[PDB]
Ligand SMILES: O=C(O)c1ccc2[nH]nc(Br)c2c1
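Quick setup: one chain, the form deposited without this ligand, written in structure tokens, and binding and motion questions come after.
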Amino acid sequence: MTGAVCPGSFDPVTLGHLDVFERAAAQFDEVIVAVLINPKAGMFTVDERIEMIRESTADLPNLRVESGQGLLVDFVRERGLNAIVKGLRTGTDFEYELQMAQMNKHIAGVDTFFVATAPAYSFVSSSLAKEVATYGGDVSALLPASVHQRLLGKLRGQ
């Protein structure tokens, strides 16, 4: 009965995120992707972000996607789990991630496992992908095909 939670805002989900989802799903019996509700409203609504993740994780039967707000550790514990799996990329503020991990262990006994994303997906972030795409750069190799079309949709209607 093992399980982990993969948290983020995923605005939008990238192949970097998907890589981490896949590895978590391969090593734990159950995975929950936790989508942050946090009113800065990004580019996509929470429902849009959930849909894009669900579309991209259809081949992962033991993964589900749910939104949450408030403490991540509450999200995790209320589902009977006590592990978080967090991806590392180029540009990750790792010191802040370590601070949060130690706090989350202290207040709720939740462990955090870090995994580095694949080199190919190591320089994409949701923010940098949006920025580049806004100015006409090609990020199609860095996002799930579906996500990519939706992004083009939000820009070419702004």
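Each form is matched to the other, and the largest set of C-alpha atoms that superpose within 1.5 Å is called the rigid core. Residue numbers run from 1 along the displayed sequence.
The same protein has a further form, the form deposited with this ligand bound, not shown here; the description that follows concerns it.
The partner is absent here; in the bound PDB entry, the one residue of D59, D29, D93, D47 having a heavy atom within 4.5 Å of this ligand is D93. Shown alone here, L88 lies within 4.5 Å of this ligand in the bound PDB entry, counting heavy atoms only. Residue contact check for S146: none of its heavy atoms lie within 4.5 Å of this ligand in the bound PDB entry.
The closest non-hydrogen atom of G3 lies beyond 4.5 Å of this ligand in the bound PDB entry. Fit the rigid core and compare the CA positions between this form and the one not shown: of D29, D47, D59, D93, just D93 moves by 2 angstroms or more. Pairwise change in the bound PDB entry: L63 and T92 C-alpha atoms lie farther apart than in the shown form, at least 3 Å.
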